[PDB]
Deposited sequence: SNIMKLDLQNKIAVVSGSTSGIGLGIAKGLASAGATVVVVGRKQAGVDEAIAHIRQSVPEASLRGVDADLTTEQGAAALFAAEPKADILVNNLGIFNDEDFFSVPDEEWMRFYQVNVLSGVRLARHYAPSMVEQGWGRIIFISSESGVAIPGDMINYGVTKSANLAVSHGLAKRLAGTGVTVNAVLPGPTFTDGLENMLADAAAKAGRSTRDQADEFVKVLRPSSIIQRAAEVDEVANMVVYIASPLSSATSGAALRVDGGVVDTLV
């Protein structure tokens, strides 16, 4: 007598060539999903796929070398992978430039890279999820999003913007089989476990939430 995290589903994970994204990809692969590793450089994609195979032997893995911060990379991903049952928004940049030194262009660029990329991926993949009556959309945002640090104001603003995006799209997709949730990290596999549970069919009564996986 046990309970399972199991998939015959397709899961795309942005920025999955390193760190938390790679751990999420490896966990979803170990759960039996078809995981799409997406990075700007094909070399990093290949090395991430190899790392995943090291741990999960019979892993179901594809790769797309694209820059999801731009519309061109998003279109390339949509061409190679038109359908996703699980979307994991994890691509994001970060600096610590002082508030009075960061110009308008940098604010707009951080918004376009950290927020609008996930919005693009969700806008593309959500309709088919709604049609099949089941879907999972998961935003990975740091705890800096709830309490903006003060030396990283741009980044915290983008993180809370992502939290808002996931909350609002959850309310918008309510009633369908698609859930939208955010996951907050601060042991990488421990973080990935929560993303796996959320992507699993068991998290079906959790939408518009923010789930913490800090220490």
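In this chain the deposited sequence has gaps in the coordinates at 1-2, 189-231, 261-267, listed in sequence order.
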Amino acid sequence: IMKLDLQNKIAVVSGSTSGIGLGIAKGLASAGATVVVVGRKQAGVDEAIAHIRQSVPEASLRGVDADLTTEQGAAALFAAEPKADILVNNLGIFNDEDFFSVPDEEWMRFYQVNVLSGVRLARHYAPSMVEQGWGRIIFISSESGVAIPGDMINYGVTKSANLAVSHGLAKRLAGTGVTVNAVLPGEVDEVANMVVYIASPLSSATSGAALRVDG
From here on, numbers count along this sequence of modelled residues.
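Taking only CA atoms, the mean B-factor in the PDB entry is higher for 146-154 than for the other of 146-154 and 33-41.
Of the residues listed, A66, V183, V180, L163, the entry assigns the biggest Cα temperature factor to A66. When the C-alpha B-factors of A76, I93, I140, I86 are read from the PDB record, the largest value belongs to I93. Looking at the C-alpha B-factors along this chain, the one for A170 belongs to the lowest third. For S117, the recorded CA temperature factor ranks within the middle third of the chain's modelled residues. Per the PDB record, residue ranking by Cα B-factor puts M129 in the lowest third of the chain. Placement of the Cα temperature factor of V13 within the chain: lowest third of the modelled residues, per the deposited record. Among the modelled residues of its chain, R62 has a C-alpha B-factor that falls in the middle third, as given in the PDB entry.
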